[PDB]
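Participant: Just one file: model.tsv, with TSV, C-alpha atoms.
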```
chain	number	residue	atom	x	y	z
A	1	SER	CA	-61.37	30.91	-144.69
A	2	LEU	CA	-58.74	28.23	-144.75
A	3	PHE	CA	-59.39	27.80	-141.01
A	4	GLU	CA	-63.01	26.86	-141.46
A	5	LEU	CA	-62.28	24.84	-144.55
A	6	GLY	CA	-59.56	22.74	-142.88
A	7	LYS	CA	-61.69	22.16	-139.85
A	8	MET	CA	-64.59	21.00	-141.99
A	9	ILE	CA	-62.35	18.61	-143.87
A	10	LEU	CA	-61.02	17.11	-140.69
A	11	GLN	CA	-64.51	16.93	-139.21
A	12	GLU	CA	-65.99	15.20	-142.15
A	13	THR	CA	-63.14	13.09	-143.43
A	14	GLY	CA	-61.21	12.40	-140.18
A	15	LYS	CA	-58.02	13.07	-142.17
A	16	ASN	CA	-55.40	15.73	-141.59
A	17	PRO	CA	-56.57	18.10	-144.39
A	18	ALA	CA	-53.09	19.34	-145.31
A	19	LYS	CA	-51.52	15.85	-145.39
A	20	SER	CA	-54.36	14.22	-147.28
A	21	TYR	CA	-55.69	16.95	-149.50
A	22	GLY	CA	-53.08	19.67	-149.56
A	23	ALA	CA	-51.40	18.18	-152.60
A	24	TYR	CA	-53.63	15.54	-154.08
A	25	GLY	CA	-54.33	14.95	-157.78
A	26	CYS	CA	-54.89	18.01	-160.01
A	27	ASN	CA	-57.31	19.91	-157.86
A	28	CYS	CA	-56.80	19.21	-154.23
A	29	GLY	CA	-54.34	21.83	-153.16
A	30	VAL	CA	-52.84	25.09	-154.16
A	31	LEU	CA	-52.05	24.49	-157.88
A	32	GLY	CA	-55.09	25.33	-159.10
A	33	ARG	CA	-57.15	22.94	-161.33
A	34	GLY	CA	-56.65	20.02	-163.68
A	35	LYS	CA	-58.75	17.18	-165.07
A	36	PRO	CA	-59.62	15.19	-161.98
A	37	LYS	CA	-57.67	11.94	-161.39
A	38	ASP	CA	-60.40	10.30	-159.27
A	39	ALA	CA	-63.50	10.98	-157.19
A	40	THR	CA	-61.55	12.77	-154.40
A	41	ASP	CA	-59.87	14.95	-157.00
A	42	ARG	CA	-63.25	15.75	-158.55
A	43	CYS	CA	-64.39	17.01	-155.20
A	44	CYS	CA	-61.60	19.48	-155.18
A	45	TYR	CA	-62.32	20.55	-158.71
A	46	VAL	CA	-65.92	21.37	-157.86
A	47	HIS	CA	-64.78	23.23	-154.77
A	48	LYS	CA	-62.46	25.50	-156.75
A	49	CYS	CA	-65.18	26.26	-159.32
A	50	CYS	CA	-67.47	26.88	-156.44
A	51	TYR	CA	-64.95	29.47	-155.30
A	52	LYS	CA	-65.00	31.11	-158.81
A	53	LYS	CA	-68.67	32.02	-158.33
A	54	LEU	CA	-68.33	34.13	-155.16
A	55	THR	CA	-68.62	37.87	-155.29
A	56	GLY	CA	-65.59	39.58	-153.88
A	57	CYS	CA	-65.25	37.75	-150.55
A	58	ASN	CA	-61.82	36.15	-150.10
A	59	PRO	CA	-62.23	32.35	-149.78
A	60	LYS	CA	-58.73	32.06	-148.25
A	61	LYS	CA	-58.89	34.82	-145.62
A	62	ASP	CA	-62.53	35.58	-144.98
A	63	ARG	CA	-63.72	33.86	-141.84
A	64	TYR	CA	-67.34	32.73	-141.48
A	65	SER	CA	-69.55	31.04	-138.82
A	66	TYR	CA	-70.70	27.51	-139.13
A	67	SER	CA	-72.09	24.98	-136.77
A	68	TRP	CA	-71.12	21.37	-136.23
A	69	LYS	CA	-74.29	20.38	-134.56
A	70	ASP	CA	-75.08	16.70	-134.51
A	71	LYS	CA	-71.93	16.21	-136.57
A	72	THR	CA	-73.31	18.02	-139.61
A	73	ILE	CA	-71.94	21.26	-140.92
A	74	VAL	CA	-74.52	24.06	-140.81
A	75	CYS	CA	-73.36	27.24	-142.40
A	76	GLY	CA	-74.41	30.20	-140.36
A	77	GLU	CA	-76.43	32.88	-142.09
A	78	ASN	CA	-73.34	35.12	-142.18
A	79	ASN	CA	-74.13	37.05	-145.37
A	80	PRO	CA	-74.55	36.03	-149.07
A	81	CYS	CA	-70.94	35.58	-150.22
A	82	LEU	CA	-69.77	34.24	-146.91
A	83	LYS	CA	-72.74	31.88	-146.76
A	84	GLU	CA	-71.95	30.62	-150.27
A	85	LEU	CA	-68.31	30.32	-149.37
A	86	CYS	CA	-69.27	28.24	-146.35
A	87	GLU	CA	-71.51	26.01	-148.52
A	88	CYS	CA	-68.56	25.50	-150.93
A	89	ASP	CA	-66.31	24.36	-148.09
A	90	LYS	CA	-69.04	22.19	-146.61
A	91	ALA	CA	-69.65	20.61	-149.94
A	92	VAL	CA	-65.98	19.75	-150.48
A	93	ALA	CA	-65.53	18.29	-146.98
A	94	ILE	CA	-68.66	16.14	-147.44
A	95	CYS	CA	-67.50	15.15	-150.88
A	96	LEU	CA	-64.02	14.21	-149.72
A	97	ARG	CA	-65.61	12.09	-146.95
A	98	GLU	CA	-68.00	10.40	-149.35
A	99	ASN	CA	-65.01	9.40	-151.42
A	100	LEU	CA	-62.59	8.14	-148.83
A	101	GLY	CA	-63.41	4.64	-150.22
A	102	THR	CA	-61.30	5.35	-153.38
A	103	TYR	CA	-58.84	7.88	-151.89
A	104	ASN	CA	-55.48	6.94	-153.28
A	105	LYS	CA	-52.27	8.17	-151.74
A	106	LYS	CA	-50.47	7.65	-155.08
A	107	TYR	CA	-52.21	10.91	-156.03
A	108	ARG	CA	-50.33	12.81	-153.35
A	109	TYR	CA	-47.40	14.91	-154.56
A	110	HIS	CA	-44.52	17.05	-153.30
A	111	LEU	CA	-44.11	17.62	-156.81
A	112	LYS	CA	-46.51	19.84	-158.85
A	113	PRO	CA	-49.01	17.58	-160.62
A	114	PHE	CA	-49.07	16.27	-164.16
A	115	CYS	CA	-52.50	17.30	-165.28
A	116	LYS	CA	-54.64	17.79	-168.33
A	117	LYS	CA	-56.45	21.10	-168.57
A	118	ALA	CA	-59.54	21.44	-166.49
A	119	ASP	CA	-62.81	22.32	-168.14
A	120	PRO	CA	-63.68	25.97	-167.53
A	121	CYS	CA	-65.90	26.28	-164.43
B	1	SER	CA	-40.88	27.02	-157.84
B	2	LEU	CA	-41.37	24.28	-155.33
B	3	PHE	CA	-38.60	22.60	-157.17
B	4	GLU	CA	-35.95	25.17	-156.26
B	5	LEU	CA	-37.30	25.66	-152.80
B	6	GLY	CA	-37.33	21.95	-152.06
B	7	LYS	CA	-33.82	21.68	-153.42
B	8	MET	CA	-32.64	24.59	-151.19
B	9	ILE	CA	-34.30	23.07	-148.20
B	10	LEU	CA	-32.56	19.77	-148.78
B	11	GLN	CA	-29.22	21.52	-149.41
B	12	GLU	CA	-29.47	23.59	-146.23
B	13	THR	CA	-31.26	21.31	-143.87
B	14	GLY	CA	-30.20	17.92	-145.33
B	15	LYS	CA	-33.76	16.69	-144.74
B	16	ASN	CA	-36.35	15.63	-147.24
B	17	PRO	CA	-38.27	18.89	-147.56
B	18	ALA	CA	-41.65	17.33	-148.21
B	19	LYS	CA	-41.62	14.98	-145.28
B	20	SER	CA	-39.99	17.37	-142.80
B	21	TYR	CA	-41.53	20.69	-143.73
B	22	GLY	CA	-44.34	20.02	-146.19
B	23	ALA	CA	-46.93	19.93	-143.34
B	24	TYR	CA	-45.05	21.24	-140.33
B	25	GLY	CA	-46.73	23.31	-137.65
B	26	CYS	CA	-49.20	26.05	-138.59
B	27	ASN	CA	-47.15	27.74	-141.27
B	28	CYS	CA	-45.13	25.24	-143.18
B	29	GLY	CA	-46.55	23.85	-146.33
B	30	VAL	CA	-49.92	23.69	-147.86
B	31	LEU	CA	-52.85	25.48	-146.19
B	32	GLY	CA	-52.49	28.92	-144.50
B	33	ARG	CA	-50.57	30.89	-141.88
B	34	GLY	CA	-51.27	30.45	-138.20
B	35	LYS	CA	-49.65	31.39	-134.95
B	36	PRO	CA	-46.25	29.72	-135.30
B	37	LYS	CA	-45.74	26.74	-133.01
B	38	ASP	CA	-41.98	27.23	-132.75
B	39	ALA	CA	-38.82	28.58	-134.42
B	40	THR	CA	-39.05	26.28	-137.44
B	41	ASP	CA	-42.69	27.17	-137.87
B	42	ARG	CA	-41.75	30.83	-137.57
B	43	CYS	CA	-39.33	30.45	-140.47
B	44	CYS	CA	-42.30	29.36	-142.57
B	45	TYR	CA	-44.50	32.21	-141.34
B	46	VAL	CA	-41.72	34.61	-142.51
B	47	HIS	CA	-41.43	32.76	-145.78
B	48	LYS	CA	-45.18	33.08	-146.44
B	49	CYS	CA	-45.03	36.72	-145.56
B	50	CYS	CA	-42.09	37.14	-147.92
B	51	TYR	CA	-44.11	35.51	-150.67
B	52	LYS	CA	-46.87	38.06	-150.15
B	53	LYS	CA	-44.51	40.93	-151.08
B	54	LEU	CA	-43.80	39.30	-154.52
B	55	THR	CA	-44.94	41.19	-157.57
B	56	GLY	CA	-44.58	39.68	-161.10
B	57	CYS	CA	-44.41	35.95	-160.24
B	58	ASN	CA	-45.81	32.68	-158.79
B	59	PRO	CA	-43.66	30.87	-156.13
B	60	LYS	CA	-45.35	27.62	-156.64
B	61	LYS	CA	-44.83	27.21	-160.40
B	62	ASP	CA	-42.29	29.89	-161.57
B	63	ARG	CA	-38.79	28.48	-162.08
B	64	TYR	CA	-35.79	30.58	-161.24
B	65	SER	CA	-32.04	30.37	-161.35
B	66	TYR	CA	-29.84	29.97	-158.30
B	67	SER	CA	-26.67	28.24	-157.73
B	68	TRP	CA	-25.24	26.36	-154.80
B	69	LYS	CA	-21.71	27.64	-154.62
B	70	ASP	CA	-19.42	26.52	-151.82
B	71	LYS	CA	-22.51	25.30	-150.06
B	72	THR	CA	-24.27	28.60	-150.19
B	73	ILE	CA	-27.47	29.44	-152.05
B	74	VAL	CA	-26.76	32.21	-154.47
B	75	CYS	CA	-29.78	33.66	-156.19
B	76	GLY	CA	-29.25	34.61	-159.78
B	77	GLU	CA	-29.97	38.10	-160.98
B	78	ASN	CA	-33.23	36.80	-162.57
B	79	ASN	CA	-35.86	39.48	-163.05
B	80	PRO	CA	-36.95	41.53	-159.92
B	81	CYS	CA	-39.65	39.16	-158.73
B	82	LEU	CA	-37.75	35.93	-159.26
B	83	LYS	CA	-34.70	37.31	-157.56
B	84	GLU	CA	-37.09	38.20	-154.74
B	85	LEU	CA	-38.81	34.81	-154.86
B	86	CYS	CA	-35.41	33.15	-154.79
B	87	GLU	CA	-34.34	35.19	-151.83
B	88	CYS	CA	-37.51	34.25	-149.95
B	89	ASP	CA	-36.83	30.57	-150.50
B	90	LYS	CA	-33.12	30.98	-149.60
B	91	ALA	CA	-34.04	32.74	-146.39
B	92	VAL	CA	-36.50	30.05	-145.30
B	93	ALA	CA	-34.00	27.27	-146.15
B	94	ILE	CA	-31.36	28.96	-144.04
B	95	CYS	CA	-33.86	29.63	-141.25
B	96	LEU	CA	-35.03	26.04	-141.19
B	97	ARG	CA	-31.43	24.82	-140.99
B	98	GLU	CA	-30.63	27.41	-138.27
B	99	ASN	CA	-33.55	26.02	-136.28
B	100	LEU	CA	-32.95	22.31	-136.74
B	101	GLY	CA	-32.03	22.34	-133.04
B	102	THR	CA	-35.68	22.59	-132.11
B	103	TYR	CA	-37.30	20.87	-135.04
B	104	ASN	CA	-40.15	18.93	-133.48
B	105	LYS	CA	-41.54	15.86	-135.32
B	106	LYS	CA	-44.77	16.15	-133.29
B	107	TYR	CA	-45.39	19.20	-135.47
B	108	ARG	CA	-44.28	17.42	-138.64
B	109	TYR	CA	-47.75	16.48	-139.80
B	110	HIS	CA	-49.34	18.81	-137.33
B	111	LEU	CA	-53.12	18.95	-137.56
B	112	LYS	CA	-53.47	22.46	-138.87
B	113	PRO	CA	-57.17	22.72	-137.73
B	114	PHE	CA	-55.71	23.17	-134.18
B	115	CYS	CA	-53.87	26.39	-135.10
B	116	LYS	CA	-55.32	29.70	-134.16
B	117	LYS	CA	-55.43	32.96	-136.15
B	118	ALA	CA	-52.02	34.42	-136.97
B	119	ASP	CA	-50.88	38.01	-136.89
B	120	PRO	CA	-51.06	39.68	-140.31
B	121	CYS	CA	-47.66	39.84	-142.08
```
Before anything else, please render the file you have as structure tokens.

Facilitator:
Amino acid sequence: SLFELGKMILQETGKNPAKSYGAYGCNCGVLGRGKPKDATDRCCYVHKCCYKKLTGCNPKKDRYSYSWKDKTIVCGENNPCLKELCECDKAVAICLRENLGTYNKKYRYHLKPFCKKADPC
Amino acid sequence: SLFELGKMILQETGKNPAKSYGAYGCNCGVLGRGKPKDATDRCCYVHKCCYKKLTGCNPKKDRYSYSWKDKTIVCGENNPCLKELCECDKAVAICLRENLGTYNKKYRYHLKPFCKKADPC
């Protein structure tokens, strides 16, 4: 769910997930995809497509178990969809962290982004 | 759309919507509902709940017509959903103004990963 996702983002990235990634480029946020503006944005694009693949579980609401042991996210067995969902969230948080180097606040918006079409997932 | 909502928030509250309420508490702005931290946050919880009852339209991208007449938000007729979208945004703008007395900056860019599971709407 958004709870686990936001926690993973904070854990990996050290950033407030909402402030940094809640409205960033074409894909980070709630608006849905666009051609990524940079590496961070690409992370969010992949994450959304990752969400497209799940079977019926609700990525926003469905809670799942994961471990932060030795400061690595380990998705609990849960069940198939939930496990996959967890792996999607883990992958974005890792990705966002890996790309903090080029994170660019100019890509933050109040203001619904200005994006070319995304490729289909 | 976020455009009308931001404009209403600014008209009611006199604050920059994005900075003051874009990330406030557990309920305001991008990324989920949680147990409201306070009155302001509760306005946003109610707003998100209101959004859930919306049928034909998207609050984030769908434009709608309202007017500010004698310093009051007046939702156009619109169609059913957009009248209802408009009224959700009007109600949260009013609520946020009504609760400016307890607005708490410390919640302004609250770390949402600290929020705990909210009641269903």

Participant: Following superposition of chain A onto chain B on all C-alpha atoms, paired in order, what is the C-alpha RMSD to one decimal in Å?

Facilitator: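 The C-alpha RMSD comes out at 1.0 Å.
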
Participant: Using all atoms listed in the file, find the residues of chain B whose closest atom to chain A is at most 10 Å away, then write them as a ChimeraX atom specification.

Facilitator: /B:1-3,6,17-19,22-24,29-34,60-61,109-117

Participant: Could you tell me which of B:39, B:13, B:20, B:45 comes closest to residue 102 (chain B) if we count only C-alpha atoms?

Facilitator: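 Between B:39, B:13, B:20, B:45, the residue approaching residue 102 (chain B) most closely is B:39.
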
Participant: Name the residues in contact with residue 73 (chain A) at a cut-off of 9 Å, using only C-alpha atoms, excluding same-chain residues fewer than 4 positions from it; report them as a ChimeraX atom specification.

Facilitator: /A:8,11-12,66-69,87,90,94

Participant: Residues at most 9 Å from residue 48 (chain B), counting all atoms listed in the file, excluding those fewer than 4 positions away in the same chain, as a ChimeraX atom specification?

Facilitator: /B:27-28,32-33,43-44,52,88,121

Participant: With all atoms listed in the file as the counted atoms, please give the residues lying no more than 9 Å from residue 64 (chain B), apart from itself and same-chain residues fewer than 6 positions off, as a PyMOL selection string.

Facilitator: chain B and resi 1+4+75-76+78+82-83+85-86

Participant: When you count only C-alpha atoms, which of these residues is closest to residue 59 (chain A): A:118, A:26, A:81, A:74?

Facilitator: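 Result for the nearest residue to residue 59 (chain A): A:81.
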
Participant: Output requested as an mmCIF file, keeping the file's coordinate frame - region 27-39 of chain A, filled out with N, CA, C and O atoms.

Facilitator:
```cif
data_model
loop_
_atom_site.group_PDB
_atom_site.id
_atom_site.type_symbol
_atom_site.label_atom_id
_atom_site.label_comp_id
_atom_site.auth_asym_id
_atom_site.auth_seq_id
_atom_site.Cartn_x
_atom_site.Cartn_y
_atom_site.Cartn_z
ATOM 1 N N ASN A 27 -56.440 18.889 -158.406
ATOM 2 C CA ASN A 27 -57.310 19.910 -157.860
ATOM 3 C C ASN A 27 -57.292 20.087 -156.394
ATOM 4 O O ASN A 27 -57.639 21.159 -155.927
ATOM 5 N N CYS A 28 -56.885 19.055 -155.668
ATOM 6 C CA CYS A 28 -56.800 19.210 -154.230
ATOM 7 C C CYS A 28 -55.489 19.861 -153.904
ATOM 8 O O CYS A 28 -54.448 19.276 -154.083
ATOM 9 N N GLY A 29 -55.548 21.100 -153.446
ATOM 10 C CA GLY A 29 -54.340 21.830 -153.160
ATOM 11 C C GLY A 29 -54.320 23.225 -153.694
ATOM 12 O O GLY A 29 -55.362 23.883 -153.821
ATOM 13 N N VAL A 30 -53.104 23.691 -153.968
ATOM 14 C CA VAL A 30 -52.840 25.090 -154.160
ATOM 15 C C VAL A 30 -52.323 25.387 -155.584
ATOM 16 O O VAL A 30 -51.707 26.432 -155.816
ATOM 17 N N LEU A 31 -52.647 24.496 -156.524
ATOM 18 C CA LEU A 31 -52.050 24.490 -157.880
ATOM 19 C C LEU A 31 -52.788 24.295 -159.251
ATOM 20 O O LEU A 31 -52.346 23.410 -159.990
ATOM 21 N N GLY A 32 -53.829 24.995 -159.708
ATOM 22 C CA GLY A 32 -55.090 25.330 -159.100
ATOM 23 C C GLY A 32 -55.869 24.107 -159.619
ATOM 24 O O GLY A 32 -55.923 23.099 -158.931
ATOM 25 N N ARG A 33 -56.390 24.130 -160.856
ATOM 26 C CA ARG A 33 -57.150 22.940 -161.330
ATOM 27 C C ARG A 33 -56.552 22.134 -162.486
ATOM 28 O O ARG A 33 -55.704 22.617 -163.240
ATOM 29 N N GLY A 34 -57.105 20.940 -162.672
ATOM 30 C CA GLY A 34 -56.650 20.020 -163.680
ATOM 31 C C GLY A 34 -57.798 19.044 -163.844
ATOM 32 O O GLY A 34 -58.752 19.049 -163.048
ATOM 33 N N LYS A 35 -57.709 18.192 -164.850
ATOM 34 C CA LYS A 35 -58.750 17.180 -165.070
ATOM 35 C C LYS A 35 -58.654 16.187 -163.919
ATOM 36 O O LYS A 35 -57.589 15.629 -163.648
ATOM 37 N N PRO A 36 -59.768 15.957 -163.225
ATOM 38 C CA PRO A 36 -59.620 15.190 -161.980
ATOM 39 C C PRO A 36 -59.086 13.754 -162.203
ATOM 40 O O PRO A 36 -59.464 13.092 -163.176
ATOM 41 N N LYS A 37 -58.232 13.290 -161.302
ATOM 42 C CA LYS A 37 -57.670 11.940 -161.390
ATOM 43 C C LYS A 37 -58.567 10.869 -160.783
ATOM 44 O O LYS A 37 -58.484 9.716 -161.164
ATOM 45 N N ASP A 38 -59.448 11.245 -159.849
ATOM 46 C CA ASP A 38 -60.400 10.300 -159.270
ATOM 47 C C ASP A 38 -61.473 11.104 -158.553
ATOM 48 O O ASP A 38 -61.479 12.336 -158.622
ATOM 49 N N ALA A 39 -62.356 10.390 -157.865
ATOM 50 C CA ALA A 39 -63.500 10.980 -157.190
ATOM 51 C C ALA A 39 -63.107 12.090 -156.171
ATOM 52 O O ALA A 39 -63.743 13.149 -156.103
#
```
